[PDB]
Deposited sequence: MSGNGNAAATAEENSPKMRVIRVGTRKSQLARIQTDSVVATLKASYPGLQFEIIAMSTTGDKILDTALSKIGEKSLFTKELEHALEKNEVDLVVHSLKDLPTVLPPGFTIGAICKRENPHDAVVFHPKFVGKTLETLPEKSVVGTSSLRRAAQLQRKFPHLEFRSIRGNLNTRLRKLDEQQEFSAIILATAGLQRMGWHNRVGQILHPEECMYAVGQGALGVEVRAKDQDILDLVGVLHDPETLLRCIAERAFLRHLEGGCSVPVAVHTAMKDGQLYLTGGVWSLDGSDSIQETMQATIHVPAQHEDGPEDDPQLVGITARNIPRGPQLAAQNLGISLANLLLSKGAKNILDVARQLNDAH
């Protein structure tokens, strides 16, 4: 291990996320060299990995499928940033909330998850698609009179240093977040033991266990980034709490349930067996396997409860 090559997309937010992970790595490894390789969507970065052109890539965890191709794996789940959804208001509406926008105000979001939940909670608002990156959406907000607000992840605006645009942070009772939102995943070659060990230092046990549950829930519902599925996780008092929900496209039909499981957060790293398979695409051999399997099982458990109440028919057309 000499120069650790980090591959990144050329987009602004992808670079910020990569730099943050590289800074954390450097703090654990001041004696190693890190190179950031920017290339001109996940299959192209996975190609560089497979061609040994880079050694690791940084993703928003919610953008990664629950099944990765067999030669790759998530070698690190970083300490979660703020997972909650946020509202940016049109300039004339600074200081308002969703509750106090005038009736028929148009709210911009291209997430089925966000639109379905907010339509349910706010019947008197209109939710409409809006395309573009964060800068483009904010430009269409401020330059035009079409949108009265847009919905975005709090974590994205924070990484841009634009927290001053956040006008409202949505509570779970208004809009539960996407599976993996606010956490970064580090993708690596599944068989590159040296690099898996290196990035393992980034694993945050609490976030790892929360995200295994969230992803196992999503996987067992056969969902991905695109579906109206939402979650809320918390680790308190030796319990892992997982809330999960599914919504019809307009939010009028929904199923939402909570489960918990006794799972203590590991406080120490351990030399785990190298022959255990990944869990929902994540490899964490330096973290005890017991709690990891238990988190996966909790997410499967909740998924089966939702399916028992009809979640599959909801998702099939949504």
Check your understanding: In sequence order, what intervals of the deposited sequence carry no C-alpha positions?
Key -> 1-17, 58-76, 355-361
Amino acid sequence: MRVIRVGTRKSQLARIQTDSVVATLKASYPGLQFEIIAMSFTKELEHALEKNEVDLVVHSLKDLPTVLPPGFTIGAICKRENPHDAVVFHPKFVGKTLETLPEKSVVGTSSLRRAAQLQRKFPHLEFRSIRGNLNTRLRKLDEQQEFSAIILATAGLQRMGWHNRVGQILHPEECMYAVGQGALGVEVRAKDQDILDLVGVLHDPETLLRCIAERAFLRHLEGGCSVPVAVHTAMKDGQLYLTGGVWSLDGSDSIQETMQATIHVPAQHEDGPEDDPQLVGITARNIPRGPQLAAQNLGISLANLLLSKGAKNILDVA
From here on, numbers count along this sequence of modelled residues.
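Here, rigid core means the biggest group of C-alpha atoms that superpose within 1.5 Å across both forms.
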Exercise for review: Figure out for me whether 93-101 or 78-86 is the more displaced stretch in 6 other deposited structures of this protein, taking RMS C-alpha distance from the shown form once the rigid core is superposed.
Suggested key: 93-101
Revision key, fill the gap. Per-stretch CA RMS vs shown form in 6 other deposited structures of this protein, rigid core as reference, larger of 225-233/183-191 is 225-233
**Study point:** At least a third of other PDB entries omit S40
**Key:** yes
Point to revise | Of 82-90 and 127-135, the stretch whose C-alpha atoms average the higher B-factor in the entry | key: 127-135
Review point. Averaged over C-alpha atoms, is the B-factor higher for 247-255 or for 58-66 in this PDB entry?
Key: 247-255
Check your understanding: For the listed residues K96, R113, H203, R215, which one has the largest C-alpha B-factor as given in the deposited model?
Key -> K96
Practice item. Kindly indicate the residue among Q119, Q181, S148, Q144 with the greatest C-alpha B-factor in the PDB record. Key: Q144
Check your understanding: Looking at the C-alpha B-factor of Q17, is it in the lowest, middle or highest third of its chain?
Key -> middle
Exercise for review: Using the B-factors in the PDB entry, rank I287's C-alpha atom against the chain and give the third, lowest, middle or highest.
Suggested key: middle
Practice item. Taking the chain's C-alpha temperature factors as the reference, tell me which third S11 falls into: lowest, middle or highest. Key: highest
**Study point:** Entry-reported Cα temperature factor of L240, expressed as the chain third it lands in
**Key:** middle
Review point. For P172, does the deposited CA B-factor place it in the lowest, middle or highest third of the chain?
Key: highest
